[PDB]
Amino acid sequence: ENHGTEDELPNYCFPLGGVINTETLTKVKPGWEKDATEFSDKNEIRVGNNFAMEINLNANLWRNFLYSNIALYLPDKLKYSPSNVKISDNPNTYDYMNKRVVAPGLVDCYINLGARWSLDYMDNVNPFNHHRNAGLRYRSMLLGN
Amino acid sequence: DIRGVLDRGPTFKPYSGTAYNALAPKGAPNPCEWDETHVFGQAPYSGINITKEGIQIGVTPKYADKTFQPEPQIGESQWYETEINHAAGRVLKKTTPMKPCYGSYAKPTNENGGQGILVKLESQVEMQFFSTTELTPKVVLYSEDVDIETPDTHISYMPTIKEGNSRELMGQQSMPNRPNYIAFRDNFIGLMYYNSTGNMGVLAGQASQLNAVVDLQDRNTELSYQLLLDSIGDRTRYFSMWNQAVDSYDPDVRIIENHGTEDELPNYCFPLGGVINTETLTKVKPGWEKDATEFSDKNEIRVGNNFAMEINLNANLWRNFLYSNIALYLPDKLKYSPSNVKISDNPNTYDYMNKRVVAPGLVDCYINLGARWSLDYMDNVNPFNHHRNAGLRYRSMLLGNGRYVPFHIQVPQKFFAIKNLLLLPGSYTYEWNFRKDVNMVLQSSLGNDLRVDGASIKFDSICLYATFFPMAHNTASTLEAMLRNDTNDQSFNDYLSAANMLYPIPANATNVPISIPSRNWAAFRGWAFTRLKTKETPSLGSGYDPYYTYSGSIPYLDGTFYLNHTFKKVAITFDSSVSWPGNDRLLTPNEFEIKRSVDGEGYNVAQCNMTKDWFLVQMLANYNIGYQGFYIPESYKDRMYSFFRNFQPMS
Amino acid sequence: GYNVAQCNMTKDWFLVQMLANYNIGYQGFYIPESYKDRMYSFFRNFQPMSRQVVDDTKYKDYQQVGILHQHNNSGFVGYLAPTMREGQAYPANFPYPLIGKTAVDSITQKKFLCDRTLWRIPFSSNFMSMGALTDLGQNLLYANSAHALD
Amino acid sequence: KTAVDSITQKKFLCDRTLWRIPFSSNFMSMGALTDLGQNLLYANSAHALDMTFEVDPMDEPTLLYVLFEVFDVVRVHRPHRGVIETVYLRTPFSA
Amino acid sequence: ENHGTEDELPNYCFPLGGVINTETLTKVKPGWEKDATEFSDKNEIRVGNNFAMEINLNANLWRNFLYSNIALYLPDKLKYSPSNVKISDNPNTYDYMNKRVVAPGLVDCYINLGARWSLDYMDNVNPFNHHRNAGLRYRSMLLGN
Amino acid sequence: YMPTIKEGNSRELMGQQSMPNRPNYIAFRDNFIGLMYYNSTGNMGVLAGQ
């Protein structure tokens, strides 16, 4: 039910000390004259806003959910073998099904936006062979870890 | 109907995290000064010109009001820097406490929002000018002093002991105080005296003055009321008018289903302008030649990818959830006192229970990974004394969010002998007693002693309400006359209908024998037992307990038992010579074996250590299931307090 | 003295509503059966709430401040608009604390919400639902003559 | 591939409940007044009962809560106006 | 039911390579003497902790939820027109209701903290004219996107 | 946030910021309420023998 994400506000990261790029200024007094026997010549002053970077959160959470629960269960005909690594030739081996790489662009945060519509590839595969099967997960944890 | 005024004390804090400067980094300090004299600050505001009268904000020139300007929210608006030529800001004088920005609050002192301190009553802000190292000033700092407080946060790491604002004091960090809800107990348990001879409640005819209510020391009523309420209704709903909100807990915190996190993709954060480290290049044209009358010599071009850093989001969310809901509730023997800070010696004081520090490594995002397994330390502590108890949280929010709450509540009658009595015309004397100990009538989410934390309560007015059915007089006379026949006497029975015996168990003891002297056993119905902590149980029938210093949930009253999983064997015999039930009914023909170790795996069941015979007995006792194959009972037959509902196998 | 359910609803009105919907109240209030209180019933959508606010009359140091001057998370949140962050770090000046050692004197406000429902006033002697054709409807007083209602 | 040899641990949790041991021949709930309670063996004479529990220990004093559920019945009679009298009976363990 | 957020631990962000600002040092051996025919003079060593900043996550998620679901549905008397942009005069058009700006400070992560209390303004606005109305959302996706 | 009102690509125009438009679902009413005329004398529905 891809109804998008709520990302009206921007979220930021700020340095541990708050400011990291500050200049050193000297104190002067009234025509203006220098000062001594007071505040030292080494004063950490930051002009303007503090340095910070921004990351969208709801969009990132949506992307992680989609890739981990759908994009990894596409039919093998859509995936492709990786490069410079070994991979088992038998398609039923766990090694084969684990090392096949899927382009995230196939299913992203904008696929069929605003529509309640399962994928045209996902409907011909077993949905119960999924790691979110609560019954299967519960039975597995019953034996142990 | 009771009306009064309540004071919940300074311990009350009905929310996690803080309220002031929540988004701030936990180590970021407010701009301030100190002596060794050095100043550390930041001026965001931009003006036009700087003179001896301060920054000029507009027009003849106008200068900022030192009382409240420059405001600390106004700053720039474009991400790219523009080489501000005249800046202003605010700093704190050296005569103020040195605190981090996170959680720091200072009350205002004027309608414009200023926070300066007024003395004889005018403020005393000062002007400070700073210029580059080689003549006009460049920035102006508005130094002042405020009554800065930390209402809900405490220092988590104090670098040194020496008091006073010094350079080393910049490194302190703070984290919010633990949440602690305080409210009335479920169904107003404890406000009404029960099963106490000294505080006997009386209901008698006006003329006879002979008490019609006689209670017993061993009889339990509030627990009986709780069980009765569950059987005849549903407890998952909330009724505010009776303060009806059953205590519970999140199934996740009690039993962690740690199946890891989904973090296949990397999540990144990017600079505000997209690129920050870019070089300047000139434009050339075809052998190549320079160009003029065109694109300037200064062009911002960035080669390669843009600067960025990454976060594992799901892992971080998992860590925060675990530490805040589990690691803070470990037994105190695992924690350790912090350093360079004061802490109350009393283990029951909220200050002590708040300042003890827990290493996050004890419970991290990798503990028992892939297994549905509760911790070996969490299972011996009360799970209902947790800030996620929805019933407790709902009741706390009913009163309000302040510490001084005038309340007005309604209390029902719980004694089984009169709670359904149908009276007849006449005059009767109705008299009862009510408690005042805050440790009993109130309930906290941490169980800290409230007698020492200053919580108080005072009742002003008490009134009794009763509603009569507007029913016809003629048939009322017939009904009351017909009810005055000895053959039609009303009768009631207690729902629990049990005699309660408490037997001490010494610490670290394993075997506890009890004995009952010879007596008639006609009409006996059976046993029902559990285990309680003497720390969490008040004395029976005492008017006031001077040694009861626990304000958490009381399993003996509200029926929230959590120690049933600590039984191994039960042996029952009459006359000390004939065993019961005998007749080799069970696999062990002498005793009930609740659970065994791996040695007796041949008798385990349900993929646990609980033996088959005990499991069969419990199923038969609750739903009469087992003689024709086990299966899940009907949902309407296993209520909230039933056995099969709360049975959880783990490995 | 006449409120109920820890809100500002009067006792008599609350009793009438319970009687009108589920005939509950003459033998003690309790949770009605789930099948009896449907999605539009009164009790399903009854929500009593309360809160405390700073007593501007008793607090000696009260200073009413406007929206244009409250600074919380200053230097980390845009000013009066969902835009880029600006400003500088500074101790907050809003809202007034209501807990802890330095809590201020406060008053209380109580109110309630009730959606997807209609206030019902049955035309019966005891406000009970003993049939579609109520007893007062069959009373001869209104059966013969006419009356003007305001 | 590099997993290490391991042992297993099993346990269980049971909250908000009491261990129940009915005093009936087949542990069935066939009525409030159980058959064994009506047996003549316990109806005529008296018996001294002792019973031992074996529990795993912890490091703080604890209490063993035992409930001998019995019949607790009160009958209320009033002959005239404004006079109320009651009778109590808790059998066994009567005061 | 504003019961605050759980933010006891700080959540950080780290550079892609782990370290960015490292020095170049030479290897010496025992008095001490320089070395050759071994580790080159160009060695990337970082002293002290790695550079990183941090984010409060639960607080940010709470703010986004509040602004997107409440602050945008305040009565128009509390909002104010933006600047330097064109906005339709008719108060019923989508353009008008989309371009009015609301100061986030009206409803922030600290409004009525710890109290289960609806706002004094939302009690007079229709709660069913909300984008989280499941019935309305379901019927919309039924037609299509 | 528009920095300046003057049109044309200028340096000051770097600083504009965007936020998504408010969501607005449009669909038929529940149970197709309002599609058929009810309780209107002018648009009276009729069902009669032939």
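All Cβ positions, even for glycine, are placed from backbone atoms using ideal geometry, and neighbour counts span all protein chains on display. Read-outs: derived from the displayed coordinates by stated rules, not from any lab.
Observations
- Over all distinct Cα-Cα pairs of the range E:1-61, the Kirkwood formula returns a hydrodynamic radius of 15.7 Å.
- Other protein chain Cβ atoms within 10 Å, averaged over every residue that makes up A:137-144: 5
- Share antiparallel - DSSP beta bridges, the protein assembly as shown, percent rounded to 5: 90
- Relative contact order, percent, the range B:467-578 [alpha-carbon distance under 8 Å, six or more residues apart]: 16
- For the range B:308-389, the alpha carbon convex hull comes to 146 Å³ per residue, rounded to a whole number.
- Paramagnetic reach from D:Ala32 in the range B:507-525 [backbone N under 16 Å; point 7 Å along Cα→Cβ]: B:523-525
- Residues E:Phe128 and C:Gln109, FRET efficiency given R0 of 45 Å [Cβ-Cβ distance, rounded to 0.05]: 0.95
- Most to least packed among F:36-49, B:528-541, B:454-467, B:183-196 [average Cβ atoms within 10 Å]: B:183-196, B:528-541, B:454-467, F:36-49
- Which of B:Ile255, B:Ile84, B:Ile301 has the fewest Cβ neighbours within 10 Å, and the rest in rising order: B:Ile301, B:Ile84, B:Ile255
- Placing pseudo-labels 7 Å out from each Cα toward the beta carbon at B:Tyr603 and C:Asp12 gives an inter-label distance of 6.9 nm.
- Counted over chain E, the DSSP beta bridges are approximately 100% antiparallel.
- Every helix of 4 or more DSSP H residues in chain B counts as -39500 (n - 2.57), and over all residues that averages to -3000 deg cm²/dmol at 222 nm.
- In terms of the mean number of neighbouring beta-carbon atoms within 10 Å, the peptides B:257-265, C:140-148 order highest first as B:257-265, C:140-148.
- Tensor-based shape of the protein assembly as shown (alpha-carbon gyration tensor, a/c under 1.5 rounded, otherwise prolate or oblate): prolate
- The overall shape of the range E:56-145, judged from the alpha-carbon gyration tensor, is oblate: a/c is not under 1.5, and a/b is no greater than b/c.
- In summary, the range D:46-95 shows an alpha-carbon radius of gyration equal to 2.02 times the 2.2 N^0.38 Å reference for compact globular proteins.
- The range B:581-625-the range D:1-65 distance, computed between alpha-carbon centres (Å): 10
- 10 Å Cβ neighbours from other chains, averaged over peptide C:61-69: 5
- Mean residue ellipticity, 222 nm, helices only, chain D: the sum of -39500 (n - 2.57) across DSSP H runs of n ≥ 4, divided by residue count and rounded to 500, is -1000 deg cm²/dmol.
- Note: relative contact order over chain C, using C-alpha pairs below 8 Å and six or more positions apart, is 28 percent.
- Between B:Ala472 and A:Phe65, the modelled labels are 6.4 nm apart [label points 7 Å from Cα along Cα→Cβ].
- Cα→Cβ-extended label distance, 7 Å offset, between E:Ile45 and F:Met14, nm: 4.0
- Cα gyration tensor shape of the range B:372-425, rounded if a/c is under 1.5, else prolate or oblate by comparing a/b with b/c: oblate
- Averaged over B:392-398, number of beta-carbon atoms from partner chains that fall within 10 Å: 4
- With Cα atoms defining each centre, the range E:1-67 and the range B:162-184 are spaced 25 Å apart in the structure.
- Rounded to 5, the percent of DSSP beta bridges in chain B classed as antiparallel: 90
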